[PDB]
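Take a look at the structure set out below.
We're numbering straight along the sequence, starting at 1.
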Amino acid sequence: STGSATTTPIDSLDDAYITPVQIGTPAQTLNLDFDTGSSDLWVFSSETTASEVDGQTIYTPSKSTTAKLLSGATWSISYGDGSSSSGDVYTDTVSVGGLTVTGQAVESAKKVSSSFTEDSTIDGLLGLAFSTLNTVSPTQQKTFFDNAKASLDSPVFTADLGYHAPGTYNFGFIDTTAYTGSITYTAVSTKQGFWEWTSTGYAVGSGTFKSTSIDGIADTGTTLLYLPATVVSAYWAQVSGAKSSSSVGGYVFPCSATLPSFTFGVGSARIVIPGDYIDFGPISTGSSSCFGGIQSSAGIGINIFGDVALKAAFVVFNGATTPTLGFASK
């Protein structure tokens with residue numbers, strides 16, 4: 001089997017991407033944030049505290065003839081951005097772009113933190129990291145991909161995120177028309193539960209490539225590109241007027257600037273992030289100071305190849321017995 005679904009930016013900045021997901025019988029379609037940095041499929045629901053729901057579409061398990069309460073199971077998660085959510089668990093039928101899993105754990109939110117409430121466009125998350133990170137207790141549950149894997153034509157999914165435009169998540173096959181040149185595969189460590197890999201270096205604009213190992217994770221659920229302070233300093237030094245602002249919480253730059261591209265290495269291959277991808281607009285409405293899309297990972301504890309990086313590539317998440325990551329230009 002295979003599946004294919006369109007993923008759409010939630011706003012004009014590509015702050016995140018939503019993908020329609022069918023849950024239950026009859027189908028209830030929710031728009032979920034596909035997140036290769038976490039491993040819980042959780043949704044706004046009929047059980048979510050009413051004051052914490054503000055425009056989201058909810059899953060109502062009582063209206064699904066295939067929903068079954070997973071007795072005694074709870075979940076609770078906290079994300080890198082400080083947000084969180086928690087609740088109980090159902091199993092139900094879940095379909096993504098034509099691909100169907102029966103008995104998928106659907107984590108129903110009883111509580112969500114304010115940032116989720118405040119975002120009307122995201123109805124929940126669909127985690128695609130390794131199932132070892134799943135937070136369901138006392139019996140850990142598998143991700144949608146993990147459940148689907150055996151049935152897929154090939155044990156892979158691909159992320160093809162758009163810049164200010166729709167893109168595609170495919171399950172079970174590689175669309176060879178969706179990228180240019182070749183896919184370069186690179187090793188993955190699953191030891192922390194992430195799609196963790198090592199970039200071979202970087203360049204700033206038309207500058208010379210610096211060969212240096214950068215360990216980080218491929219994370220569709222993170223907006224920006226978080227890299228070591230040395231790398232980030234080298235990038236923003238090429239932008240007149242750019243500075244790190246403690247009050248804003250990262251590098252800012254004059255909105256009148258033209259940003260240089262940023263290249264990262266995948267083995268001997270190179271992925272080029274156009275400068276425009278690195279502009280995340282005014283820090284506040286009407287400001288002429290703009291927020292940068294490349295930021296320091298210092299104090300995160302890990303480098304993160306988030307959407308800014310991933311949307312410059314066609315990315316293969318290869319879930320073979322030994323997982324690997326593939327990157328192609330597009």
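Not one N or O on the side chain of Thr49 forms a donor-acceptor pair closer than 3.5 Å with the backbone of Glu52. Judged by distance alone, with hydrogens and angles left aside, the side-chain atoms of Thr143 form no donor-acceptor pair with the main-chain N or O of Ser39 at under 3.5 Å. Of the possible donor and acceptor atoms, none in the side chain of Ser284 sits under 3.5 Å from a partner among the backbone N and O of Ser287. Put simply, the side chain of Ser38 never gets that close to the backbone of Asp40: no donor and acceptor are under 3.5 Å apart. When atom types are taken as modelled, the side chain of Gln56 and the backbone of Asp119 share a donor-acceptor pair closer than 3.5 angstrom. At least one donor-acceptor pair closer than 3.5 Å links the side chain of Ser45 to the backbone N or O of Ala109. Put simply, the side chain of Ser296 gets close to the backbone of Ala298: a donor and an acceptor are under 3.5 Å apart. Distance alone, capped at 3.5 Å, is enough to place a donor-acceptor pair between the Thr223 side chain and the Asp15 backbone. Side-chain atoms of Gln22 do not come within 3.5 Å of backbone N or O of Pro20 as any donor-acceptor pair. Between the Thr57 side chain and the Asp123 main chain, no donor and acceptor come within less than 3.5 Å of each other.
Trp42 pairs with exactly one of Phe116, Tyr79, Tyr59 by the ring-ring contact (aromatic ring centres under 6.0 Å, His included) rule, that one being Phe116. With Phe130 as reference, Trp195 is the one residue of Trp195, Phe194, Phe145, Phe317 to meet the ring-ring contact (aromatic ring centres under 6.0 Å, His included) rule.
The aromatic ring centres of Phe144 and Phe171 sit less than 6.0 Å apart. Aromatic rings of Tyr169 and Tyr17 (six-membered ring for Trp) have centroids beyond the 6.0 Å cut-off, not under it.
Relative ring orientation between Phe262 and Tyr235 is described as perpendicular, the plane-to-plane angle rising above 60° on a 0-90° scale split at 30° and 60°. Using cut-offs of 30° and 60° on the angle between ring planes, the pair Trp236 and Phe253 is parallel.
A side-chain donor from one of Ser83 and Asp81 sits under 3.5 Å from a side-chain acceptor of the other. Checked by atom type, the side-chain pair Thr60/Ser62 shows no donor-acceptor distance below 3.5 Å. No side-chain donor-acceptor contact under 3.5 Å links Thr2 and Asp153.
Note: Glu196 CD to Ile302 CD1 = 4.5 Å, rounded to the nearest 0.5 Å. For the atom pair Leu128 CG and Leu126 CG, the distance stands at 5.0 Å (nearest 0.5 Å). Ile300 CD1 to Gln295 CD: the interatomic distance, rounded to the nearest 0.5 Å, is 9.0 Å. Between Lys330 atom NZ and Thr177 atom OG1 the span is 12.5 Å, to the nearest 0.5 Å. Atom CH2 in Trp75 sits 10.0 Å away from atom CG in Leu41 (nearest 0.5 Å). Atom-to-atom distance recorded for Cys290:SG and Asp279:CG is 4.5 Å, nearest 0.5 angstrom.
Pairs engaging residues 305-328 under the side-chain hydrogen bond (donor to acceptor under 3.5 Å, both in side chains) rule: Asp14-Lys311, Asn318-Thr324 [sequence neighbours left out]. The salt bridge (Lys or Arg N to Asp or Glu O under 4.0 Å) analysis of residues 215-236, with sequence neighbours excluded, yields no pairs.
By the side chain to side chain donor-acceptor pair (under 3.5 Å) test, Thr7 pairs with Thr19, sequence neighbours left out. Qualifying side-chain contact (heavy atoms from CB on, under 4.5 Å) partners for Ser261, counting only residues two or more places apart in sequence or in other chains: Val272. Every residue meeting the side-chain contact (heavy atoms from CB on, under 4.5 Å) condition with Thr230, not counting sequence neighbours, appears here in chain and number order: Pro228. Checked against side-chain contact (heavy atoms from CB on, under 4.5 Å), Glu118 has the following partners two or more places apart in sequence or in another chain: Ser114.
In this structure, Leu152 is not a member of the same hydrophobic cluster as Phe173, with clusters built from ILVMFWY side-chain heavy atoms closer than 4.5 Å. Following chains of ILVMFWY side-chain contacts shorter than 4.5 Å, one cannot reach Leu225 starting from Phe209, and the two form parts of different hydrophobic clusters.
Between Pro260 and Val239, the shortest heavy-atom distance links the atoms CD-CG2, 3.6 Å. Taking all atoms of both residues into account, the shortest heavy-atom contact from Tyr90 to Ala67 is CD2-CB, 4.4 Å. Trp197 approaches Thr186 most closely through the heavy-atom pair CE3-CG2, 3.7 Å. Contact detail for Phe280 and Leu13: the closest heavy-atom pair is CE2-O, 3.1 Å. Across every non-hydrogen atom of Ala5 and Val96, the tightest pair is CB-CG1, 3.9 Å. Nearest heavy-atom pair, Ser329 versus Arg270, reported as atom, atom and distance to 0.1 Å: OG-O, 3.7 Å.
Using a 4.5 Å heavy-atom threshold, the side chains of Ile183 and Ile174 count as touching. Residues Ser86 and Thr74 form no side-chain contact, since every pair of their non-hydrogen atoms from C-beta on lies 4.5 Å or further apart. Using a 4.5 Å heavy-atom threshold, the side chains of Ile10 and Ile122 count as touching. You'll find the side chain of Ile294 stays beyond 4.5 Å of the side chain of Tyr251, heavy atoms only. The side-chain heavy atoms of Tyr163 and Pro274, taken from C-beta on, include no pair separated by under 4.5 Å.
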With side chain to side chain contact (heavy atoms under 4.5 Å, CB included) as the test, would you mind laying out the steps for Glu107 and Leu70 before giving the verdict? CA-CA 10 Å; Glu107 300 171 37; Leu70 187 61; over 6 Å; no
